[PDB]
Amino acid sequence: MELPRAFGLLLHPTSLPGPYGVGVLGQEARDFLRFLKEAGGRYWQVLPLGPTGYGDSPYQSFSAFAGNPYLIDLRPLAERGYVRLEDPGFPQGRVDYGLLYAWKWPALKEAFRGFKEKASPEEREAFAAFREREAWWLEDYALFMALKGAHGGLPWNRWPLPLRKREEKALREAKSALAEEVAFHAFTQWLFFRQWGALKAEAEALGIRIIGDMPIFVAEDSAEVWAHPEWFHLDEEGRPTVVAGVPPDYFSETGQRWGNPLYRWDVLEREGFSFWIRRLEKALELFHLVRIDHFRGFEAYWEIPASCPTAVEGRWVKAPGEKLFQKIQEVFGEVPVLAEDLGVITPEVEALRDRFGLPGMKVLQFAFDXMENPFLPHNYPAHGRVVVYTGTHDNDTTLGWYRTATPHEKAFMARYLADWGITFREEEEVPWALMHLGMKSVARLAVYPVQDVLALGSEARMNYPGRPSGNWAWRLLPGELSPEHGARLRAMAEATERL
Ligand SMILES: *[C@@H]1O[C@H](CO)[C@@H](O[C@H]2O[C@H](C)[C@@H](N[C@H]3C=C(CO)[C@@H](O)[C@H](O)[C@H]3O)[C@H](O)[C@H]2O)[C@H](O)[C@H]1O
């Protein structure tokens with residue numbers, strides 16, 4: 001990939017303003033892309049776009065391939081008379097996922113029945129054609145979701161054995177009995193990918209590239225794990241014997257026990273890494289580049305015994321990252337991947353990243369707690385093949401972070417900024433001071449969360465890791481991101497050779 005010198009904004013589509021309880025792939029999404037282009041921005045970064053479960057996290061999806069039905073704009077379906085929409089009373093500035101769950105799933109199901117009643121033959125055949133095209137993952141995903149309604153929302157590895165173990169007759173009978181439910185889930189997928197495609201075409205017409213994201217590890221309770229248990233370290237009952245995480249750190253005392261199933265990489269290699277090829281293909285249908293979270297896991301991963309309640313016990317296990325990425329380069333002709341390389345990284349990880357020319361990340365909130373700090377701009381690679389952020393979706397807003405930062409951090413930050421000619425008078429100005437610093441740097445891409453453009457405090461934090469609740473909920477208000485915000489971003493980009 002060739003990275004131009006430019007800037008972008010980080011905004012998950014759920015955070016878009018608009019009616020009916022969550023950001024969707026419609027007019028407000030187009031309005032945001034127009035805002036971004038007029039601000040001089042060339043990149044729009046989102047988080048993973050798959051269907052979510054308990055905790056609402058984009059990084060723990062029911063499928064590695066599916067799209068999130070919550071992002072479906074219902075207004076076009078209402079225009080065709082498929083459904084009547086009535087706002088139940090959604091809050092301002094945040095997603096209420098309980099109310100969204102209770103109101104949007106039934107609205108989608110009503111819209112599906114309306115479509116079955118009133119759709120033209122053309123629409124019906126286009127929907128059937130989509131199903132045929134995507135069957136290699138969609139048949140499993142749709143049946144997986146349908147079976148949740150037959151089994152009280154249980155995960156797949158708690159279903160009756162004939163279904164859990166995917167016996168041929170059990171599946172055939174399930175598919176016939178749940179034909180309507182299967183079709184409904186296929187329908188949500190058809191709509192998602194249709195609406196995303198339209199939005200991607202609009203971005204492309206405006207000169208904007210979309211940066212997507214995926215977790216290296218998939219979710220325990222997902223259609224692909226169910227369909228391919230041999231690829232994972234599961235016991236005979238389909239439960240993980242070991243799980244993903246990271247060991248104790250400078251930051252974390254016990255580390256993080258993520259709980260994801262771990263790949264049997266030997267099995268994936270023997271199978272030709274088809275899972276990874278398909279995942280990247282699917283990513284590249286939606287995005288122009290894709291970040292992979294926990295990129296270091298391609299070189300080695302921390303294996304936690306499933307019986308351990310923390311991440312303290314375990315061992316590092318090597319993974320065939322070099323072989324995988326050689327195959328990717330060979331078969332795609334390029335590797336349009338961004339490496340999430342935060343936390344503790346080794347020379348082996350850096351070499352893998354650099355062998356394939358993958359841009360890494362830099363986070364300015366991490367730069368001020370100790371002049372050799374790699375997150376300080378003067379320490380960035382001479383080539384500048386990195387993406388600089390003030391913070392990611394995992395960090396507090398920059399104003400939130402500043403308000404809780406240590407005395408030594410605050411003092412060093414102020415002096416370092418002054419060394420770059422940047423000064424500020426009030427704490428609410430710190431987000432823009434740090435955005436300016438990132439734009440002055442050699443980093444090819446500077447990408448900022450929209451909360452920092454707005455200089456919002458901790459209430460607008462997208463995710464607080466560890467905390468299982470309150471996350472992924474921040475939304476823009478209508479008109480909050482103003483033309484003056486866009487003019488300020490454009491001025492900064494023009495001032496730093498990013499336009
Ligand atoms: C990179 O990937 C991270 C790991 O998935 C992601 O973390 C967010 O999303 C997770 C799904 C969420 N919960 C898991 C973490 C645990 C402890 O660390 C377990 O207790 C839970 O059972 C897991 O489901 C994380 O808390 C959340 O931070 C990052 O957002 C992403 O950038």
# chains A, B, ... in the order shown; residues from 1 in each chain; ligands from 1
>>> select_by_dssp(residues="region 174-369 of chain A", states="strand (DSSP E)", output="PyMOL selection string")
chain A and resi 209-215+242-246+256-261+289-293+300-305+315-318+337-339+360-363
>>> write_last_selection(atoms="N, CA, C and O atoms", output="short mmCIF file (atom, residue, chain, number, x, y, z; two decimals), in the first residue's frame")
data_model
loop_
_atom_site.label_atom_id
_atom_site.label_comp_id
_atom_site.auth_asym_id
_atom_site.auth_seq_id
_atom_site.Cartn_x
_atom_site.Cartn_y
_atom_site.Cartn_z
N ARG A 209 -11.15 7.10 1.72
CA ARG A 209 -10.88 5.69 1.93
C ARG A 209 -11.33 5.29 3.34
O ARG A 209 -11.14 6.05 4.30
N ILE A 210 -11.90 4.10 3.45
CA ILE A 210 -12.42 3.62 4.71
C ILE A 210 -11.45 2.62 5.33
O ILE A 210 -11.02 1.65 4.67
N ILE A 211 -11.09 2.89 6.59
CA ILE A 211 -10.26 2.00 7.37
C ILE A 211 -11.17 1.17 8.27
O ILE A 211 -11.87 1.72 9.14
N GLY A 212 -11.16 -0.14 8.06
CA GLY A 212 -11.89 -1.08 8.90
C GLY A 212 -10.99 -1.75 9.92
O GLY A 212 -9.82 -1.39 10.08
N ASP A 213 -11.52 -2.76 10.59
CA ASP A 213 -10.86 -3.34 11.75
C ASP A 213 -11.36 -4.77 11.89
O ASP A 213 -12.48 -5.07 11.50
N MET A 214 -10.53 -5.65 12.44
CA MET A 214 -10.99 -6.99 12.83
C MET A 214 -10.15 -7.51 13.99
O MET A 214 -8.95 -7.23 14.05
N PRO A 215 -10.77 -8.28 14.91
CA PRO A 215 -9.97 -8.91 15.94
C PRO A 215 -9.21 -10.08 15.35
O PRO A 215 -9.74 -10.78 14.49
N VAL A 242 -8.08 -23.90 26.14
CA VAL A 242 -7.24 -22.74 26.41
C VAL A 242 -7.91 -21.51 25.80
O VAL A 242 -8.77 -21.64 24.92
N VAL A 243 -7.54 -20.33 26.27
CA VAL A 243 -8.15 -19.09 25.79
C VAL A 243 -7.13 -17.98 25.57
O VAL A 243 -6.02 -18.01 26.12
N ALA A 244 -7.54 -16.99 24.78
CA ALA A 244 -6.73 -15.84 24.43
C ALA A 244 -6.64 -14.81 25.55
O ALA A 244 -7.53 -14.70 26.39
N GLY A 245 -5.57 -14.03 25.53
CA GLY A 245 -5.40 -12.92 26.45
C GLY A 245 -4.00 -12.36 26.35
O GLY A 245 -3.24 -12.70 25.43
N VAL A 246 -3.65 -11.48 27.29
CA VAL A 246 -2.28 -10.99 27.42
C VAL A 246 -1.82 -11.10 28.88
O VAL A 246 -2.61 -10.85 29.79
N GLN A 256 -4.96 -9.52 30.97
CA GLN A 256 -6.33 -9.58 30.47
C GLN A 256 -6.64 -10.99 29.98
O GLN A 256 -5.91 -11.54 29.16
N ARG A 257 -7.72 -11.58 30.49
CA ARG A 257 -8.18 -12.88 30.01
C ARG A 257 -9.35 -12.62 29.07
O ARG A 257 -10.49 -12.46 29.52
N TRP A 258 -9.06 -12.54 27.77
CA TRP A 258 -10.09 -12.23 26.77
C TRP A 258 -11.11 -13.34 26.62
O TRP A 258 -12.28 -13.07 26.43
N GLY A 259 -10.65 -14.59 26.67
CA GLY A 259 -11.57 -15.74 26.61
C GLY A 259 -11.84 -16.30 25.22
O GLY A 259 -12.51 -17.34 25.09
N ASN A 260 -11.30 -15.66 24.18
CA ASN A 260 -11.51 -16.13 22.81
C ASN A 260 -10.91 -17.51 22.62
O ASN A 260 -9.86 -17.83 23.20
N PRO A 261 -11.55 -18.33 21.76
CA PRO A 261 -10.90 -19.58 21.41
C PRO A 261 -9.61 -19.31 20.64
O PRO A 261 -9.49 -18.29 19.94
N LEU A 289 -8.48 -0.25 3.62
CA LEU A 289 -7.47 -0.91 4.44
C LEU A 289 -8.11 -1.44 5.72
O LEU A 289 -9.17 -0.98 6.15
N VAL A 290 -7.46 -2.42 6.32
CA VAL A 290 -8.01 -3.04 7.50
C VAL A 290 -6.97 -3.21 8.58
O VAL A 290 -5.89 -3.75 8.36
N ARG A 291 -7.28 -2.69 9.77
CA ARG A 291 -6.45 -2.92 10.94
C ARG A 291 -6.75 -4.30 11.49
O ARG A 291 -7.90 -4.76 11.47
N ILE A 292 -5.71 -4.98 11.98
CA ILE A 292 -5.90 -6.20 12.73
C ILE A 292 -5.45 -5.97 14.17
O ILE A 292 -4.28 -5.68 14.43
N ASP A 293 -6.41 -6.05 15.07
CA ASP A 293 -6.19 -5.92 16.51
C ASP A 293 -5.38 -7.09 17.04
O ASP A 293 -5.66 -8.25 16.71
N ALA A 300 3.32 -14.69 17.91
CA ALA A 300 3.17 -15.53 19.09
C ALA A 300 1.97 -15.06 19.90
O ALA A 300 1.67 -13.86 19.95
N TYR A 301 1.31 -16.00 20.56
CA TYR A 301 0.18 -15.67 21.42
C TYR A 301 0.29 -16.27 22.82
O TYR A 301 0.83 -17.36 23.01
N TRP A 302 -0.26 -15.55 23.78
CA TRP A 302 -0.34 -16.00 25.17
C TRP A 302 -1.51 -16.98 25.33
O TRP A 302 -2.68 -16.60 25.20
N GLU A 303 -1.17 -18.24 25.59
CA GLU A 303 -2.14 -19.31 25.80
C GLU A 303 -2.51 -19.42 27.29
O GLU A 303 -1.67 -19.80 28.12
N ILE A 304 -3.75 -19.09 27.64
CA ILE A 304 -4.22 -19.19 29.03
C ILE A 304 -5.02 -20.48 29.22
O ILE A 304 -5.94 -20.75 28.46
N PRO A 305 -4.68 -21.29 30.25
CA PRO A 305 -5.52 -22.46 30.50
C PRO A 305 -6.94 -22.02 30.85
O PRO A 305 -7.12 -21.07 31.62
N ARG A 315 1.45 -19.50 28.75
CA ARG A 315 2.71 -19.63 28.03
C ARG A 315 2.58 -19.01 26.64
O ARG A 315 1.49 -18.99 26.06
N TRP A 316 3.70 -18.53 26.10
CA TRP A 316 3.74 -18.04 24.73
C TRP A 316 3.88 -19.21 23.78
O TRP A 316 4.67 -20.12 24.02
N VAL A 317 3.07 -19.18 22.72
CA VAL A 317 3.10 -20.21 21.68
C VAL A 317 3.31 -19.49 20.35
O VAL A 317 2.63 -18.51 20.05
N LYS A 318 4.27 -19.96 19.56
CA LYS A 318 4.59 -19.33 18.29
C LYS A 318 3.51 -19.65 17.27
O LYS A 318 2.91 -20.72 17.30
N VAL A 337 -3.04 -4.12 5.19
CA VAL A 337 -3.28 -4.31 6.62
C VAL A 337 -2.54 -3.24 7.41
O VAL A 337 -1.40 -2.88 7.07
N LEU A 338 -3.21 -2.74 8.44
CA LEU A 338 -2.59 -1.89 9.44
C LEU A 338 -2.34 -2.75 10.68
O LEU A 338 -3.22 -3.50 11.11
N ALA A 339 -1.15 -2.67 11.24
CA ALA A 339 -0.81 -3.48 12.39
C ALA A 339 -1.15 -2.73 13.67
O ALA A 339 -0.63 -1.64 13.91
N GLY A 360 2.29 0.66 11.39
CA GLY A 360 1.91 0.51 12.78
C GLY A 360 1.17 1.73 13.29
O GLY A 360 0.77 2.61 12.52
N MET A 361 0.99 1.77 14.60
CA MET A 361 0.21 2.82 15.26
C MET A 361 1.04 3.58 16.27
O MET A 361 2.01 3.06 16.82
N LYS A 362 0.60 4.80 16.55
CA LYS A 362 1.18 5.62 17.60
C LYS A 362 0.02 6.31 18.30
O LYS A 362 -0.91 6.80 17.64
N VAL A 363 0.05 6.32 19.63
CA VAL A 363 -1.02 6.94 20.44
C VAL A 363 -0.42 8.00 21.36
O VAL A 363 0.37 7.67 22.23
#
>>> residues_around(residues="region 441-446 of chain A", least_positions_apart="2", cutoff="7 Å", atoms="only C-alpha atoms", output="compact mmCIF listing (two decimals) with C-alpha atoms, in the first residue's frame")
# COMPACT_ATOMS: atom_id res chain seq x y z
CA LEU A 3 0.09 5.97 2.23
CA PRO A 4 -0.31 9.61 1.26
CA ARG A 5 0.30 12.36 3.83
CA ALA A 6 -3.22 13.03 5.09
CA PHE A 7 -5.68 13.01 7.98
CA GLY A 8 -8.87 11.20 8.87
CA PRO A 377 6.73 12.23 17.23
CA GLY A 384 6.53 7.86 8.55
CA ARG A 385 4.63 4.66 7.68
CA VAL A 386 2.60 4.89 10.87
CA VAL A 387 -0.84 6.11 11.88
CA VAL A 388 -0.92 8.58 14.79
CA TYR A 389 -3.95 8.94 17.08
CA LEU A 437 1.13 17.83 17.33
CA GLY A 438 0.08 14.64 15.53
CA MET A 439 -0.52 16.61 12.31
CA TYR A 448 -8.61 11.40 15.40
>>> residues_near_ligand(ligand="ligand 1", cutoff="10 Å", atoms="only C-alpha atoms and all ligand atoms", output="PyMOL selection string")
chain A and resi 47-48+52-61+213-220+244-246+255-260+291-295+309-311+340+342+392-395+462-469+471-472
>>> write_last_selection(atoms="N, CA and C atoms", output="compact mmCIF listing (two decimals), in the first residue's frame")
# COMPACT_ATOMS: atom_id res chain seq x y z
N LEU A 47 -14.85 0.70 13.55
CA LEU A 47 -14.52 -0.52 14.27
C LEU A 47 -15.14 -1.71 13.50
N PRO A 48 -14.89 -2.95 13.92
CA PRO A 48 -15.52 -4.07 13.21
C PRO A 48 -17.05 -3.93 13.08
N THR A 52 -23.39 -8.04 17.09
CA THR A 52 -22.88 -8.05 18.45
C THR A 52 -23.80 -8.85 19.37
N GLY A 53 -23.23 -9.31 20.48
CA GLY A 53 -24.01 -9.98 21.52
C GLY A 53 -23.86 -9.30 22.86
N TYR A 54 -23.73 -10.11 23.91
CA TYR A 54 -23.62 -9.62 25.28
C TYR A 54 -22.39 -8.71 25.46
N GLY A 55 -22.62 -7.48 25.90
CA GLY A 55 -21.55 -6.47 26.05
C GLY A 55 -21.49 -5.46 24.92
N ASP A 56 -22.10 -5.81 23.78
CA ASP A 56 -22.26 -4.93 22.61
C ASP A 56 -20.96 -4.60 21.88
N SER A 57 -19.91 -5.37 22.13
CA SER A 57 -18.59 -5.07 21.59
C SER A 57 -18.48 -5.53 20.14
N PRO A 58 -18.02 -4.65 19.24
CA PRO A 58 -17.69 -5.02 17.87
C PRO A 58 -16.63 -6.11 17.77
N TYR A 59 -15.82 -6.28 18.82
CA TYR A 59 -14.71 -7.25 18.83
C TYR A 59 -15.09 -8.65 19.32
N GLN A 60 -16.38 -8.89 19.55
CA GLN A 60 -16.86 -10.24 19.92
C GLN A 60 -18.16 -10.57 19.18
N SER A 61 -18.01 -10.93 17.90
CA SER A 61 -19.15 -11.05 17.00
C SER A 61 -19.63 -12.49 16.80
N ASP A 213 -11.52 -2.76 10.59
CA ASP A 213 -10.86 -3.34 11.75
C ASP A 213 -11.36 -4.77 11.89
N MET A 214 -10.53 -5.65 12.44
CA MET A 214 -10.99 -6.99 12.83
C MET A 214 -10.15 -7.51 13.99
N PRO A 215 -10.77 -8.28 14.91
CA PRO A 215 -9.97 -8.91 15.94
C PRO A 215 -9.21 -10.08 15.35
N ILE A 216 -7.97 -10.30 15.78
CA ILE A 216 -7.22 -11.46 15.32
C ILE A 216 -7.96 -12.75 15.68
N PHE A 217 -8.50 -12.82 16.89
CA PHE A 217 -9.22 -13.99 17.36
C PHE A 217 -10.71 -13.77 17.21
N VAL A 218 -11.43 -14.82 16.82
CA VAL A 218 -12.88 -14.77 16.70
C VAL A 218 -13.51 -15.14 18.04
N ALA A 219 -14.84 -15.03 18.10
CA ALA A 219 -15.61 -15.26 19.34
C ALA A 219 -15.93 -16.73 19.54
N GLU A 220 -15.91 -17.19 20.79
CA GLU A 220 -16.27 -18.57 21.13
C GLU A 220 -17.63 -18.93 20.55
N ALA A 244 -7.54 -16.99 24.78
CA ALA A 244 -6.73 -15.84 24.43
C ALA A 244 -6.64 -14.81 25.55
N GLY A 245 -5.57 -14.03 25.53
CA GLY A 245 -5.40 -12.92 26.45
C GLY A 245 -4.00 -12.36 26.35
N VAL A 246 -3.65 -11.48 27.29
CA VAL A 246 -2.28 -10.99 27.42
C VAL A 246 -1.82 -11.10 28.88
N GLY A 255 -3.02 -8.96 34.02
CA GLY A 255 -3.19 -9.08 32.57
C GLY A 255 -4.66 -9.10 32.20
N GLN A 256 -4.96 -9.52 30.97
CA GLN A 256 -6.33 -9.58 30.47
C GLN A 256 -6.64 -10.99 29.98
N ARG A 257 -7.72 -11.58 30.49
CA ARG A 257 -8.18 -12.88 30.01
C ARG A 257 -9.35 -12.62 29.07
N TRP A 258 -9.06 -12.54 27.77
CA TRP A 258 -10.09 -12.23 26.77
C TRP A 258 -11.11 -13.34 26.62
N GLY A 259 -10.65 -14.59 26.67
CA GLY A 259 -11.57 -15.74 26.61
C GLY A 259 -11.84 -16.30 25.22
N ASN A 260 -11.30 -15.66 24.18
CA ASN A 260 -11.51 -16.13 22.81
C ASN A 260 -10.91 -17.51 22.62
N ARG A 291 -7.28 -2.69 9.77
CA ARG A 291 -6.45 -2.92 10.94
C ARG A 291 -6.75 -4.30 11.49
N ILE A 292 -5.71 -4.98 11.98
CA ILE A 292 -5.90 -6.20 12.73
C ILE A 292 -5.45 -5.97 14.17
N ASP A 293 -6.41 -6.05 15.07
CA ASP A 293 -6.19 -5.92 16.51
C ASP A 293 -5.38 -7.09 17.04
N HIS A 294 -4.38 -6.77 17.86
CA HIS A 294 -3.45 -7.75 18.43
C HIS A 294 -2.65 -8.45 17.33
N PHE A 295 -2.08 -7.63 16.46
CA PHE A 295 -1.27 -8.11 15.35
C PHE A 295 -0.14 -9.04 15.82
N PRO A 309 -8.79 -18.23 36.10
CA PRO A 309 -9.70 -17.09 36.08
C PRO A 309 -9.03 -15.77 35.66
N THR A 310 -7.70 -15.75 35.61
CA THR A 310 -6.95 -14.57 35.19
C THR A 310 -6.01 -14.92 34.03
N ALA A 311 -5.17 -13.97 33.64
CA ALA A 311 -4.18 -14.18 32.58
C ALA A 311 -2.77 -14.37 33.12
N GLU A 340 -2.05 -3.30 14.48
CA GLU A 340 -2.25 -2.83 15.85
C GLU A 340 -1.07 -3.36 16.66
N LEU A 342 0.34 -1.86 19.61
CA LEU A 342 0.46 -1.19 20.90
C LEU A 342 0.83 -2.23 21.96
N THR A 392 -7.36 5.98 20.81
CA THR A 392 -8.29 5.10 20.08
C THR A 392 -9.61 4.98 20.86
N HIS A 393 -10.52 4.15 20.35
CA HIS A 393 -11.80 3.84 21.00
C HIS A 393 -11.63 3.19 22.38
N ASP A 394 -10.45 2.60 22.62
CA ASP A 394 -10.11 1.99 23.90
C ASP A 394 -9.60 2.98 24.94
N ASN A 395 -9.26 4.21 24.52
CA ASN A 395 -8.77 5.22 25.44
C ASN A 395 -9.90 6.15 25.84
N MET A 462 -15.64 5.90 24.33
CA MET A 462 -16.31 4.83 23.60
C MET A 462 -16.23 3.50 24.34
N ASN A 463 -15.03 3.12 24.76
CA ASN A 463 -14.84 1.89 25.50
C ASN A 463 -13.82 2.06 26.63
N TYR A 464 -14.13 1.45 27.77
CA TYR A 464 -13.25 1.38 28.92
C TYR A 464 -12.95 -0.10 29.15
N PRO A 465 -11.79 -0.59 28.68
CA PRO A 465 -11.49 -2.02 28.75
C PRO A 465 -11.60 -2.58 30.17
N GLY A 466 -12.06 -3.82 30.28
CA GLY A 466 -12.26 -4.44 31.59
C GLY A 466 -13.69 -4.28 32.04
N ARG A 467 -14.18 -3.04 32.08
CA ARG A 467 -15.59 -2.76 32.38
C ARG A 467 -16.46 -3.49 31.36
N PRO A 468 -17.29 -4.43 31.83
CA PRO A 468 -18.15 -5.16 30.89
C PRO A 468 -19.38 -4.37 30.38
N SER A 469 -19.74 -3.26 31.05
CA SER A 469 -20.93 -2.46 30.70
C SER A 469 -20.70 -0.93 30.50
N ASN A 471 -20.32 0.56 27.50
CA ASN A 471 -19.42 0.81 26.38
C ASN A 471 -20.12 0.83 25.02
N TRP A 472 -19.42 1.38 24.02
CA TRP A 472 -19.86 1.37 22.62
C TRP A 472 -21.13 2.18 22.38
>>> residues_around(residues="region 225-231 of chain A", least_positions_apart="4", cutoff="9 Å", atoms="only C-alpha atoms", output="PyMOL selection string")
chain A and resi 63+140+144+156-157+164-166+218-221+238+261-268
>>> atom_distance(atom1="CA of residue 233 (chain A)", atom2="CA of residue 322 (chain A)")
21.5 Å
>>> atom_distance(atom1="CA of residue 121 (chain A)", atom2="CA of residue 85 (chain A)")
24.6 Å
>>> residues_around(residues="residue 398 (chain A)", least_positions_apart="4", cutoff="12 Å", atoms="only C-alpha atoms", output="PyMOL selection string")
chain A and resi 363-366+389-394+402-405+427-435+448-462
>>> residues_around(residues="residue 356 (chain A)", least_positions_apart="6", cutoff="10 Å", atoms="only C-alpha atoms", output="PyMOL selection string")
chain A and resi 1+322+325-326+328-329+334-337
>>> residues_around(residues="region 480-492 of chain A", least_positions_apart="5", cutoff="9 Å", atoms="only C-alpha atoms", output="list in words")
residues 17, 32, 35, 36, 37, 38, 39, 40, 41, 435, 436, 439, 450, 453, 454, 497, 498 and 499 of chain A
>>> write_last_selection(atoms="C-alpha atoms", output="short mmCIF file (atom, residue, chain, number, x, y, z; two decimals), in the first residue's frame")
data_model
loop_
_atom_site.label_atom_id
_atom_site.label_comp_id
_atom_site.auth_asym_id
_atom_site.auth_seq_id
_atom_site.Cartn_x
_atom_site.Cartn_y
_atom_site.Cartn_z
CA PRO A 17 -26.73 11.08 14.77
CA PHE A 32 -20.71 12.81 7.67
CA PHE A 35 -18.39 16.88 6.29
CA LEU A 36 -15.17 14.85 6.17
CA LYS A 37 -14.42 15.76 2.53
CA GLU A 38 -15.14 19.46 3.18
CA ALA A 39 -12.83 19.29 6.23
CA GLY A 40 -10.03 18.03 3.93
CA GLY A 41 -10.13 14.51 5.38
CA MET A 435 -4.20 16.84 17.28
CA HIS A 436 -1.95 19.67 16.05
CA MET A 439 -0.52 16.61 12.31
CA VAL A 450 -14.57 12.69 16.74
CA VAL A 453 -12.64 17.16 17.58
CA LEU A 454 -15.50 18.12 19.93
CA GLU A 497 0.94 19.50 4.40
CA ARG A 498 -1.97 17.04 4.82
CA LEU A 499 -4.20 18.45 2.06
#
>>> select_by_dssp(residues="region 263-496 of chain A", states="alpha helix (DSSP H)", output="PyMOL selection string")
chain A and resi 265-270+274-286+321-332+347-355+398-404+407-419+430-440+450-453+483-495
>>> decode(residues="region 290-345 of chain A", atoms="C-alpha atoms", output="short mmCIF file (atom, residue, chain, number, x, y, z; two decimals), in the first residue's frame")
data_model
loop_
_atom_site.label_atom_id
_atom_site.label_comp_id
_atom_site.auth_asym_id
_atom_site.auth_seq_id
_atom_site.Cartn_x
_atom_site.Cartn_y
_atom_site.Cartn_z
CA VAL A 290 -8.01 -3.04 7.50
CA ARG A 291 -6.45 -2.92 10.94
CA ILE A 292 -5.90 -6.20 12.73
CA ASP A 293 -6.19 -5.92 16.51
CA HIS A 294 -3.45 -7.75 18.43
CA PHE A 295 -1.27 -8.11 15.35
CA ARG A 296 1.50 -9.59 17.55
CA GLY A 297 -0.64 -12.73 17.83
CA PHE A 298 0.48 -13.66 14.30
CA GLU A 299 4.04 -14.14 15.66
CA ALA A 300 3.17 -15.53 19.09
CA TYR A 301 0.18 -15.67 21.42
CA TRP A 302 -0.34 -16.00 25.17
CA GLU A 303 -2.14 -19.31 25.80
CA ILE A 304 -4.22 -19.19 29.03
CA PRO A 305 -5.52 -22.46 30.50
CA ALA A 306 -9.33 -22.26 30.46
CA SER A 307 -9.47 -23.21 34.18
CA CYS A 308 -7.50 -20.08 35.10
CA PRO A 309 -9.70 -17.09 36.08
CA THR A 310 -6.95 -14.57 35.19
CA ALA A 311 -4.18 -14.18 32.58
CA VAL A 312 -1.32 -14.74 35.05
CA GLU A 313 -0.89 -18.43 34.20
CA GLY A 314 -0.02 -19.49 30.65
CA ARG A 315 2.71 -19.63 28.03
CA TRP A 316 3.74 -18.04 24.73
CA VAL A 317 3.10 -20.21 21.68
CA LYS A 318 4.59 -19.33 18.29
CA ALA A 319 2.31 -18.85 15.30
CA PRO A 320 3.18 -19.07 11.58
CA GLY A 321 2.78 -15.33 10.86
CA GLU A 322 5.60 -15.27 8.32
CA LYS A 323 4.06 -18.15 6.30
CA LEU A 324 0.55 -16.65 6.53
CA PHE A 325 1.59 -13.23 5.28
CA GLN A 326 3.75 -14.67 2.48
CA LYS A 327 0.62 -16.49 1.30
CA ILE A 328 -1.45 -13.30 1.58
CA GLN A 329 1.08 -11.20 -0.38
CA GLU A 330 1.29 -13.92 -3.05
CA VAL A 331 -2.45 -14.32 -3.46
CA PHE A 332 -3.61 -10.67 -2.99
CA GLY A 333 -0.53 -9.00 -4.53
CA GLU A 334 -0.36 -6.63 -1.55
CA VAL A 335 -1.15 -6.60 2.16
CA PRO A 336 -3.58 -3.73 2.85
CA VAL A 337 -3.28 -4.31 6.62
CA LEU A 338 -2.59 -1.89 9.44
CA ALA A 339 -0.81 -3.48 12.39
CA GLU A 340 -2.25 -2.83 15.85
CA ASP A 341 1.14 -2.88 17.56
CA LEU A 342 0.46 -1.19 20.90
CA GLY A 343 1.39 -2.68 24.28
CA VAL A 344 4.45 -4.92 24.67
CA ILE A 345 6.05 -5.65 21.29
#
